[PDB]
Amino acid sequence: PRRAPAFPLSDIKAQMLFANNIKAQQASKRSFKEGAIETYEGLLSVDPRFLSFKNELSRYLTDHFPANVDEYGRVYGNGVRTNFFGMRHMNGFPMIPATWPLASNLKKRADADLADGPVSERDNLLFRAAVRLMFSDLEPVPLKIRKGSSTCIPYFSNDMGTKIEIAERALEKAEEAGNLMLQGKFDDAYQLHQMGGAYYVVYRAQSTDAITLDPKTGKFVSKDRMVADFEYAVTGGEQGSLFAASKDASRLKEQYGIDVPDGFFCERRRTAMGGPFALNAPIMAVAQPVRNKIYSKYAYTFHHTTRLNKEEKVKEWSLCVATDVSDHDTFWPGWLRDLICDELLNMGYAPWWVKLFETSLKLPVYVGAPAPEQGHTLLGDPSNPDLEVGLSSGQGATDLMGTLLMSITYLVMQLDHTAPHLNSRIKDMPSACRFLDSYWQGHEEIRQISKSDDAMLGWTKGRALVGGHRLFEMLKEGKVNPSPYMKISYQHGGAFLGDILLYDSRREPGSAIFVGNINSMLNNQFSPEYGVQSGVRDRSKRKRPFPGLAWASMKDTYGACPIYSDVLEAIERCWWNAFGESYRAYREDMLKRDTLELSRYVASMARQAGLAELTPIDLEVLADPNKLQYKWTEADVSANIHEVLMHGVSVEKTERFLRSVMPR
């Protein structure tokens, strides 16, 4: 089954992905690199006092606060869903190798027993229904841009001036490009408007993966993360091998002299795809209006913020099932892409825009550097984009693509297993829409809250309920997959968008509460995804602009965990053991410094406020803006705070652009 074309950096096909400037050339050549991160200023992730601290802390908590999770996967008691060994990683040092992106997932999906299209007319109706509800009656907004992000292929600029320039130009030429594409003239489209080429595969860290402590061994054991080699990825898993990356940290002593305590490992690595910006611009301009619609009209199932926000919806349920999906992104079906593109055409969207959109979801990928002596290889032909990688991380609508898939999938699961008496209501398109419209507002007997694959599925009182409980039982035994479309299962330790649902002895939603995930406080504070980048002097451009600020939001975020107090205390104690410092002091110090330095970037303060008008959301986002693109959205952040991190584009120009794109 179609092997994918592969090209080497040397090849003209690859050469043309990188413009004649130094940054772009350097991107194409970039080699496997690694090294201890600067966890906080002047502190390395492998500093022996720090590692000693992680050894003591991690053990102490695992010991005194073992997970309270039932059978079932509801958490109770202490609010701990797992051990605390997650912090035992040499942050900045990757597992070897990273995976190669699969060029085609059709086999992956076939072997997994997953449908290659809607299976029943009902589902086909519901998927198109979801397209219609989401992409209709949209309100124009200005295209926002992360400060310091890359335009990737082919210029690799972080100059806002140049980004705005590119974006604006892209909205003008979007139409010619799509039409060109409609004519099969992809190369022309890429050469004239930089729309096409490929994704740039950047490997990012997941600093905290599973590590258990073997009862029989006494040795810690790292979770095995499976990865593909070149052959696997090009052949969709026909040839080649799929195997376990090595997290073994011993190489760290031999190579770099670094001292490696027992039970510490190299970090997991997630592949990440950077989009050609000229192509993503036209897409983001529409994606954001769509996000806006769903978080307004279908706020029930889609718009989540405060822990009380979630609790209010769920407490009304008789049953709450916490699902989750395995490797959602690599599994995501291209048939969905096509269907989405189809109904969008039927709604009367611009054919040339649906074509841009379509293409963005079948684009080749530039594989950079999964390992030493590896990478620098283009997968797929940009002349005729035909890759089926699943969902490309930096596509511009990837949250929405995920949401579309999983929201319907989930509803379907509910129907199939719990609410047959509901099918008579989904006869045609209009009836389907009205049903979906109702379902999403939370007006039916089956309910759902979700962001992409993370969901909690809900049953009120009624006929579905009994079915609900069986579904839940089906999910526990785990012998049979409840969906035709994706591999679904119950979360072992139920939690939604970061907050744990804390059940009491009743084990019912009614007497359940949302508290923060204490383990997340730890991951965030001692195992950050990036270093502090103290070389970057413009902090709005740093991955972690104002680390110290999280101290001020700690109480609001995590103060509701049953063991909050005890955890801060254990830290203090272990930190004193390891540093002869008050950890608390060191934070309050850093809180102060970053608070001053902030007034600089928010002239709209600007010192004298003091931490002022800032909500907890702001404070966590300032310390970690990576929370814009998974947890919170625009209108959850104060407007003068947004403009520190983001930058807009001529509203006239988006407004003009949108108009030529949409039906009405």
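In this text, residue numbers run from 1 along the sequence as written.
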Residue stretch of maximal mean CA temperature factor, 151 to 159 vs 553 to 561
553 to 561
Per the PDB entry, mean CA B-factor is higher for 319 to 327 or 100 to 108, namely for 319 to 327
Could you say which of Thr418, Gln239, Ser392, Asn179 has its CA atom at the highest B factor, as listed in the PDB entry?
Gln239
Based on what the PDB entry reports, which of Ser246, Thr306, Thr398, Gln183 has the top C-alpha B-factor?
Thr306
Based on the deposited C-alpha B factors for this chain, I'd like to know if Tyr72 is in the lowest, middle or highest third.
highest
Check where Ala205 lands among this chain's C-alpha B-factors and tell me if it's the lowest, middle or highest third.
highest
Could you tell me which third, lowest, middle or highest, the C-alpha B-factor of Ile12 occupies within its chain?
middle
Would you mind ranking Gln26 by its C-alpha B-factor against the rest of the chain and naming the third, lowest, middle or highest?
middle
With respect to C-alpha B-factor, does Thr212 fall in the lowest, middle or highest third of the chain as deposited?
highest
